[PDB]
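# Understanding the architecture of this molecule
So you can see what is in the structure, the chains are spelled out below.
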Amino acid sequence: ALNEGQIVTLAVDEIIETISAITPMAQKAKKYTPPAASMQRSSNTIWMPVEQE
Amino acid sequence: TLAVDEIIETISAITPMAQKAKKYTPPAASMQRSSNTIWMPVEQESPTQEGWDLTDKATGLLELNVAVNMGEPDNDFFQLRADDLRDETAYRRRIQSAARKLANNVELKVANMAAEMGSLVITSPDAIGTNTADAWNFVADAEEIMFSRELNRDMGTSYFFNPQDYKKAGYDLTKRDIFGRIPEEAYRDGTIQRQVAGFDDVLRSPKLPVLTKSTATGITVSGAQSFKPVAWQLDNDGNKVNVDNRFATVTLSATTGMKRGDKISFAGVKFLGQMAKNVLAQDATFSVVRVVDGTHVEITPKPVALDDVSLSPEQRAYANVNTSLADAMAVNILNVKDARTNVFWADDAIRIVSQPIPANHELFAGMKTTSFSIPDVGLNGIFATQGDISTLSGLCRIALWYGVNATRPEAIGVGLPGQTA
Amino acid sequence: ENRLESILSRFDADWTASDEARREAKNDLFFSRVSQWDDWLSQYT
Amino acid sequence: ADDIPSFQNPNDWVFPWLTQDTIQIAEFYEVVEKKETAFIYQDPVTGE
């Protein structure tokens, strides 16, 4: 034979997925969006009442 | 301090070589990974045999290649203070000058590579004004060496004179003591002619390099060295990697006084007829590309020897030289005196790869990037602006990413007049 | 080749292209329908 | 219905407390212009 042709390298962009994680608690937790940027690099929290007895 | 807006134009440049050079724009997405290199094959040459019974003498196939790559951007980064009236006044004309100087850089690079990687060398022991019709002798010598080596010239040919030798040729024409069409044109205008001695484009180029005389004396070859046309070779890991067909590393006695672009020839070694493999009467000429180590050089035509015995027949079918190196043969220089170079080439010998700079991406916020066509030459770059207040200024950058490549260094040539002493 | 990749590339290009006009339109809708004040960045105690 | 979808949501940070709505899905309409075959029949009543 001896075909001293021309050698290339082929990289195909069909990826091989490996990771698949499940997130069952963060979807269950309720999200709240405060309009208060004072929770910045500071210790200003928000105070909410507790059910009265 | 009265001042006007009429600008005194002072310089005007012409860039013919970058116009004649073909421009190549390969896909950037693939070039990002291929390491800014792309390979091209070389026209195949085949062996032949004689006789009836030729068992076990069947050959294989061997197709060589060359590689074309690119260097680094060429920029005009400058900074604009927003309060200086003399900076506010000159900004747009500075952009214009940036475009002009970028084009000038491109064509200067083309000229330098063509002069420093041209294998064909046409020397003369006297200047071009010495005898009559010796400018035509130069151009016809270039034509003849191309014809005899049987190089492809289908796209065209070009011969660039420097202004000195262009005027010498014009003087030769007007000293003819007659006036027809050629001498009358050379008198009324400086132009000798558009075609001379078979070249279909004879121009003058204001920025051809001056090739310094080499200091080399008495250099000989160390050991017999046979170079084999190969398309790939194994590396240390077993991977097959490609080989450029346009280089050969030669181990000499001492590479002192040898620099990039020097022209050499080995005693006894003769050219070949390429396709027909018939020896010529002219010594093979080579151009040293890189002086690696203190006893090695890299000459741009590979000296494949016809009489070589260690070559497979398909490899011998690529011979461009009658005999190999003989461990003692004298490599004699060809540029023995400083002289500006006239440069001839086939139009398909030099190309200009070009790439984009995607600075308009959404990654580069704050910057404003637009396209910027370089005039004269057919190239595109980026024009990027980013203001500043760490210095209360603004930064402007015109970038251009290209690379010249001599795909056929054996089709380029250099004319060296006055190579005496 | 991947259908998901092609569709998402088109949508990504479109979303990035129409970023500022959409932001201004949403701000105008909020201004005209909900409120004309912003307490978000007020560092005041 | 069990596999809840997710997509680029365009109502980011609805602000005061409960974000409420979630579950973004997209529908992608695409238009393909091409030459497809048509048949020339003969109407039994009149014409083609």
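Residues numbered from 1 in each chain as written, not as in the entry; some residues may be left out. Chains lettered and ligands numbered in written order. Part of a larger assembly, values for the part shown. Heavy atoms only, no water.

### Some details on the sheet that holds strand β24 (residues 401–406) of chain B
Residue and element names in this part refer to chain B. Here 3 strands make up an open sheet; going across it, the order is β1-β20-β24 and the pairing mixed. A single partner strand is all that each edge strand has here, and the edge strands are β1 (22–24) and β24. Taken pair by pair, the neighbouring strands of this sheet meet at an average axis angle of 30 degrees, ignoring direction. Across 6 bridges, strand β20 (residues 350–355) lies against β24 in antiparallel orientation. Bridge pairing in β24 links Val-353 to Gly-403. In this fold helix α4 (residues 91–116) packs onto β20 and β24, with an angle of close to 20 degrees to the strand it touches most, β24. (Pairing = 2+ DSSP bridges. Helix = DSSP H or I, 4+ residues; strand = E, 2+ residues; numbered from the N terminus. Axes fitted to C-alpha atoms, helices over the stretch in contact; angles between N-to-C directions. Contact = heavy atoms within 4.5 Å.)

### Looking at the interface of chain C and chain D
In this assembly, 8 residues from chain C lie in contact with 7 residues from chain D. In total, chain C and chain D occlude about 720 Å² of area from one another, counting both sides; carbon and sulfur atoms represent 66% of this. At the boundary of chain C with chain D, the tally comes to 3 salt bridges. The partner of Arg3(C) in a salt bridge is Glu30(D), with the nearest N and O atoms 2.3 Å apart. Inspection of the region where chain C meets chain D yields 2 residue pairs in polar contact. Element by element, the count of residues in the side of chain C that touches chain D is highest for helix α1 (residues 3–17) of chain C, at 6 residues. Its residues placed into classes, the side of chain C that touches chain D shows 5 nonpolar, no polar and 3 charged. (Buried area = accessible area lost by both parts, 1.4 Å probe. Salt bridge = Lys/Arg side-chain N within 4 Å of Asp/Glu carboxyl O. Polar contact = N/O pair within 3.5 Å; in protein donor to acceptor, adjacent residues only side chain to side chain. Nonpolar A, V, L, I, M, F, W, Y, C, P; charged D, E, K, R; others polar.)

### So, the side chain of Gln225(B)
All names here are of chain B. Assignment of secondary structure puts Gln-225 in the loop between β10 (219–220) and β11 (232–234). Among the polar contacts listed, one links the side chain of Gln-225 to the backbone oxygen of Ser-222, at a separation of 2.7 Å. Within the structure, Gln-225 has its side chain in polar contact with the backbone oxygen of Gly-223 (distance 2.9 Å). Leaving out residues up to four positions away in the same chain, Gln-225 has contacts with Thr-249, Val-250, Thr-251, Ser-324 and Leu-325.

### Considerations on the sheet that holds strand β23 (residues 393–399) of chain B
Residue and element names in this part refer to chain B. The antiparallel open sheet is built from 4 strands, whose spatial order is β5-β23-β22-β21. Only two strands of the sheet have a single neighbouring strand rather than two, namely β5 (78–79) and β21 (368–374). Where strand β22 (residues 379–388) and β23 come together, 7 bridges link them in antiparallel fashion. Counterpart to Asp-388 in the pairing with β23 is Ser-393. The strands touched by α4 within the sheet are β5, β21, β22 and β23, with β21 carrying the most contacts at an inclination of about 55 degrees.

### Some details on the arrangement of the chains
Summarising the chain contacts, 5 pairs of chains touch, and the pair with the most contacts is chains A and B. As for chain D relative to chain B, no contact occurs, and the smallest C-alpha gap between them is 18 Å.

### As for unusual backbone geometry
Residue and element names in this part refer to chain B. The phi dihedral of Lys-277 is positive, around 60 degrees, even though this residue is not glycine. Its location among the elements puts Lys-277 in the loop between β14 (263–266) and β15 (286–290). Positive phi, close to 70 degrees, is recorded for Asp-327, a residue that is not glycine. Along the polypeptide, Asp-327 turns up in the loop between α8 (313–316) and β17 (330–333).

### Examining the interface of chain A and chain B
Counting residues at the interface gives 9 residues for chain A, matched by 14 residues for chain B. When chain A packs against chain B, close to 890 Å² is buried across both sides, 42% of that on carbon and sulfur atoms. Per-residue buried area on chain A facing chain B is highest for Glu4(A), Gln6(A) and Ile7(A); these three make up 68% of the total on that side. Summed over the shared surface of chain A and chain B, the result is 7 residue pairs in polar contact. Its residues assigned to classes, the side of chain A that touches chain B comprises 4 nonpolar, 3 polar and 2 charged. Sheet topology places strand β1 (residues 3–4) of chain A next to strand β3 (residues 61–62) of chain B; 2 bridges connect them, and they run parallel. Across the sheet, the residue bridging to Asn3(A) is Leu61(B), located in β3(B).

### A look at the packing of aromatic side chains
Residue and element names in this part refer to chain B. Counted under the stated rule, the structure contains 14 aromatic pairs over all chains. An angle of 45 degrees between the planes, with centres 4.9 Å apart, marks the rings of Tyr-159 and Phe-161 as tilted. The burial state of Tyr-159 is the same as that of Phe-161; both residues are buried. Pairing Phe-161 with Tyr-166 gives two aromatic rings, centres 6.3 Å apart and planes at 75 degrees, and the pair type is edge-to-face. The exposure classification of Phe-161 matches that of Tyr-166, with both residues buried. Looking at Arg-397, its charged tip hangs above the ring of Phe-77, at a distance of 5.4 Å from the centre. (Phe/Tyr/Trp six-rings, centres within 6.5 Å; stacked < 30°, edge-to-face > 60°. Buried < 20%, exposed > 50% of the residue type's maximum accessible area, 1.4 Å probe, protein only. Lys NZ or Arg CZ within 6 Å of the ring centre and 35° of its normal.)

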